[PDB]
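Participant: One structure follows; several queries about it will come next.
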2 protein chains.
Amino acid sequence: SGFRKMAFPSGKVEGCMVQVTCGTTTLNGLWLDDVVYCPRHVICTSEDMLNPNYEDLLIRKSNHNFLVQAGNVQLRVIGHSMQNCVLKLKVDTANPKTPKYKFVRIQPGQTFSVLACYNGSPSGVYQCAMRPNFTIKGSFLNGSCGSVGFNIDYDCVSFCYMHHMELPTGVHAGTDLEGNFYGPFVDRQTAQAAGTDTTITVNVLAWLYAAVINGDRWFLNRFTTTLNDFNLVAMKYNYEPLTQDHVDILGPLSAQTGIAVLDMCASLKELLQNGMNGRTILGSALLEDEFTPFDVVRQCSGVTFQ
Amino acid sequence: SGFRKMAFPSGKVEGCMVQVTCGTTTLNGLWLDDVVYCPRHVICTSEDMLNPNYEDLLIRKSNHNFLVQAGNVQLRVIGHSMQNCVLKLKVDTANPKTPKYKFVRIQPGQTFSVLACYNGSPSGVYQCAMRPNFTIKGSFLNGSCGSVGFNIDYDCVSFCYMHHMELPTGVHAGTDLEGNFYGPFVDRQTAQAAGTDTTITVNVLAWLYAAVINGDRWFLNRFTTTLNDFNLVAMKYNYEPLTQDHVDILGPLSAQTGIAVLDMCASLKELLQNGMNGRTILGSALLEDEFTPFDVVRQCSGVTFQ
């Protein structure tokens with residue numbers, strides 16, 4: 001028993017972390033096969049970030065302007081190209097540690113593990129969620145850029161995030177591995193508006209099921225409700241409206257605990273209007289939304305990876 | 001910026017996880033050099049756990065009774081011995097992936113990363129703390145036994161924990177790598193009393209400094225206090241009494257934020273007597289105690305490992 005905010009083992013990703021330097025800027029890079037991926041603002045100085053013209057900047061850089069170091073091994077850059085917001089430094093040596101991988105673009109609400117690095121060396125690992133406003137609440141210091149987020153599906157590593165910036169508000173923005181930002185953000189040092197952040201309702205439900213599975217049942221109540229009437233209350237407290245797909249995704253957690261999805265909603269509804277009144281759920285005084293129904297099934301059944 | 005409950009990268013530990021089977025029991029083992037370490041109750045059936053005589057049980061087992069599988073590689077057991085509560089299966093092949101390691105016995109309040117495994121394969125990783133009552137609040141399902149806790153000091157892996165049991169209360173008990181239990185626990189299926197759990201006061205202070213560093217300063221107050229008068233209040237709310245060593249350990253966090261240790265205490269004192277009144281600190285509605293002063297310095301300065 002027990003419930004913890006668990007991250008994926010990072011071994012397969014550690015071996016892909018390289019350090020990328022260009023001029024006086026140095027950040028992390030992802031070495032897969034014979035190509036190194038990294039944020040394009042590695043070609044920018046501190047001054048350039050205010051208003052950079054990436055084409056004109058990249059055009060004054062040749063292959064020998066990039067120093068890609070993997071521990072102590074040096075990679076010879078043989079080609080370079082800009083794909084959206086990322087750089088693709090084609091090197092001469094294919095990473096012998098290249099795992100079976102895949103590039104994916106996740107949806108808000110989804111969760112993944114971040115391996116925070118500095119100078120191409122692992123600092124630590126944590127689990128987090130993609131907020132409905134396309135930002136993430138992580139832990140990044142200067143130099144962390146290029147750090148990746150990933151999920152593990154058995155023997156396959158899915159890369160879904162690459163860190164690019166911290167916003168003046170302290171939250172983080174990044175891209176997928178093809179270089180497209182998540183959200184309305186641009187890679188420049190300017191004021192950027194992140195929309196209103198909402199609570200991931202489907203995740204909160206999955207977490208209540210985890211609580212029930214783990215012995216916390218005090219919030220279970222007699223009442224029930226309808227999807228429409230639940231959503232009306234959800235919207236007042238800035239929760240994401242729940243759909244039928246959410247109802248179906250929770251099916252397994254429903255069958256296992258013998259508590260219908262709509263009944264669980266009725267317990268949530270009441271916690272929003274009344275609060276937790278000094279009580280906790282799985283050691284928490286707040287409603288947790290960084291666990292997807294899949295994350296709960298995984299932790300509760302003991303799934304493993306290659 | 002930002003603060004996350006961060007775990008150490010697990011790559012170096014993943015390569016030491018083997019599956020140990022004996023009879024119909026199968027749990028995880030730690031393969032270092034040419035020796036596999038695992039809980040001795042791997043030689044026990046379900047019936048035996050009620051009242052096991054480990055010597056008499058071990059005596060009816062020969063080297064060929066142990067099946068140690070590392071992925072697909074099979075290890076030939078050439079020797080076996082019981083050291084306190086762990087088994088030491090000497091095999092023929094030294095793990096080529098043996099990292100630079102060390103065995104240590106931590107103190108309550110200290111923190112470490114747990115790599116949860118099932119069948120010798122990594123499931124996930126999380127950070128946690130050794131409670132003052134020598135238990136840990138983790139996430140373990142049947143089959144998890146043998147999972148290890150560790151810290152990373154640059155290029156050296158310090159193994160400090162090995163999971164052995166879940167208590168009827170849902171908390172976890174284990175040993176160091178020499179086989180000595182943490183706490184008054186024995187490896188048998190009986191009712192065991194874990195003492196009163198207290199809050200790790202020094203860790204809570206380090207976390208308040210992290211909050212200040214990250215912009216949350218609302219709890220900073222004019223008052224001050226004395227160590228004695230603070231401790232008197234601490235003891236009423238089940239907090240560990242603070243000593244001078246704790247004061248010295250926080251020195252660096254004190255110099256960096258310009259807030260004296262005793263003044264920080266005065267802010268804590270007030271939060272205990274008054275509560276957080278609907279407010280949060282680093283996204284939390286409770287006082288967090290799973291971060292040591294060292295963990296905070298690490299996350300706030302960007303430390304890396306081999």
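Letters A, B, ... go to the chains of the structure tokens in the order shown; residues in each chain start at 1; ligands are counted from 1 in the same order.
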Within 7 Å of chain A, which residues of chain B show up when using only C-alpha atoms, listed as JSON, numbers by chain?
Facilitator: {"B": [1, 2, 3, 4, 5, 6, 7, 8, 9, 10, 11, 14, 118, 121, 122, 123, 124, 125, 126, 137, 138, 139, 140, 141, 170, 285, 286, 302, 303, 304, 305, 306]}
Participant: I'd like to know which of A:200, A:268, A:91, A:145 is closest to residue 165 of chain A, using only C-alpha atoms.
Facilitator: A:145
Participant: Could you name the residues that touch residue 85 of chain B at 9 Å or less, counting only C-alpha atoms, but leaving out those on the same chain fewer than 5 positions away, as a PyMOL selection string?
Facilitator: chain B and resi 38-41+175+178-181+186-187
Participant: Name the residues in contact with residue 190 of chain B at a cut-off of 9 Å, using only C-alpha atoms, excluding same-chain residues fewer than 6 positions from it; report them as a PyMOL selection string.
Facilitator: chain B and resi 49-51+167-168
Participant: Could you turn the residues from that selection into a file that holds C-alpha atoms, as a CSV table (one decimal), in the first residue's frame?
Facilitator:
chain,number,residue,atom,x,y,z
B,49,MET,CA,6.4,-15.9,8.0
B,50,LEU,CA,4.2,-16.2,11.1
B,51,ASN,CA,7.1,-17.7,13.2
B,167,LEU,CA,3.4,-3.2,8.9
B,168,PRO,CA,-0.3,-3.8,9.6
Participant: Applying 8 Å and only C-alpha atoms, which residues near segment 226-237 of chain B remain after dropping the ones on its own chain fewer than 4 positions away? List them as a VMD selection string.
Facilitator: chain B and resid 241 to 243 262 265 to 266 269 272
Participant: Please dump the current selection as an mmCIF file, in the first residue's frame; keep N, CA and C atoms.
Facilitator:
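The file below, selection-v3.cif, is the result:
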data_model
loop_
_atom_site.group_PDB
_atom_site.id
_atom_site.type_symbol
_atom_site.label_atom_id
_atom_site.label_comp_id
_atom_site.auth_asym_id
_atom_site.auth_seq_id
_atom_site.Cartn_x
_atom_site.Cartn_y
_atom_site.Cartn_z
ATOM 1 N N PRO B 241 12.684 18.382 19.060
ATOM 2 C CA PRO B 241 13.354 19.534 19.669
ATOM 3 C C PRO B 241 14.572 19.904 18.820
ATOM 4 N N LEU B 242 14.810 21.198 18.669
ATOM 5 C CA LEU B 242 15.913 21.709 17.870
ATOM 6 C C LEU B 242 17.173 21.910 18.742
ATOM 7 N N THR B 243 18.346 21.543 18.226
ATOM 8 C CA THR B 243 19.574 21.738 18.975
ATOM 9 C C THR B 243 20.461 22.733 18.253
ATOM 10 N N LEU B 262 17.086 31.850 14.612
ATOM 11 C CA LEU B 262 16.117 32.062 15.685
ATOM 12 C C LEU B 262 14.917 32.882 15.228
ATOM 13 N N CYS B 265 12.621 30.525 13.403
ATOM 14 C CA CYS B 265 11.894 29.758 14.418
ATOM 15 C C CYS B 265 10.648 30.514 14.871
ATOM 16 N N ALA B 266 10.797 31.806 15.145
ATOM 17 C CA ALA B 266 9.664 32.633 15.584
ATOM 18 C C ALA B 266 8.508 32.605 14.587
ATOM 19 N N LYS B 269 6.981 28.947 15.072
ATOM 20 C CA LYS B 269 6.228 28.990 16.320
ATOM 21 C C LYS B 269 4.814 29.525 16.086
ATOM 22 N N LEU B 272 2.414 27.278 14.060
ATOM 23 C CA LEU B 272 1.937 26.107 14.781
ATOM 24 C C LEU B 272 0.747 26.478 15.650
#
Participant: Please extract the residues of segment 38-267 of chain B with a backbone DSSP assignment of strand (DSSP E) and present them as a PyMOL selection string.
Facilitator: chain B and resi 38-39+66-70+73-75+77-83+86-91+101-103+111-118+121-129+148-153+156-166+172-175
Participant: Just to confirm, what's the straight-line distance from atom CA of residue 163 of chain A to atom CA of residue 147 of chain A in Å (one decimal)?
Facilitator: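 That distance, rounded to one decimal, is 5.3 Å.
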Participant: Output as a ChimeraX atom specification all residues of segment 48-275 of chain A that backbone DSSP marks as alpha helix (DSSP H).
Facilitator: /A:54-58,201-213,227-236,244-249,251-257,261-274
Participant: Could you jot down the atom CA of residue 81 of chain A to atom CA of residue 68 of chain A separation for me, Å, one decimal place?
Facilitator: 15.0 Å
Participant: Using only C-alpha atoms, which residue out of B:152, B:42, B:33, B:112 lies closest to residue 98 of chain B?
Facilitator: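 Among the listed residues, the smallest separation from residue 98 of chain B belongs to B:33.
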Participant: Would you work out the distance separating atom CA of residue 271 of chain B from atom CA of residue 277 of chain A, expressed in Å to one decimal?
Facilitator: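 It comes out at 17.2 Å.
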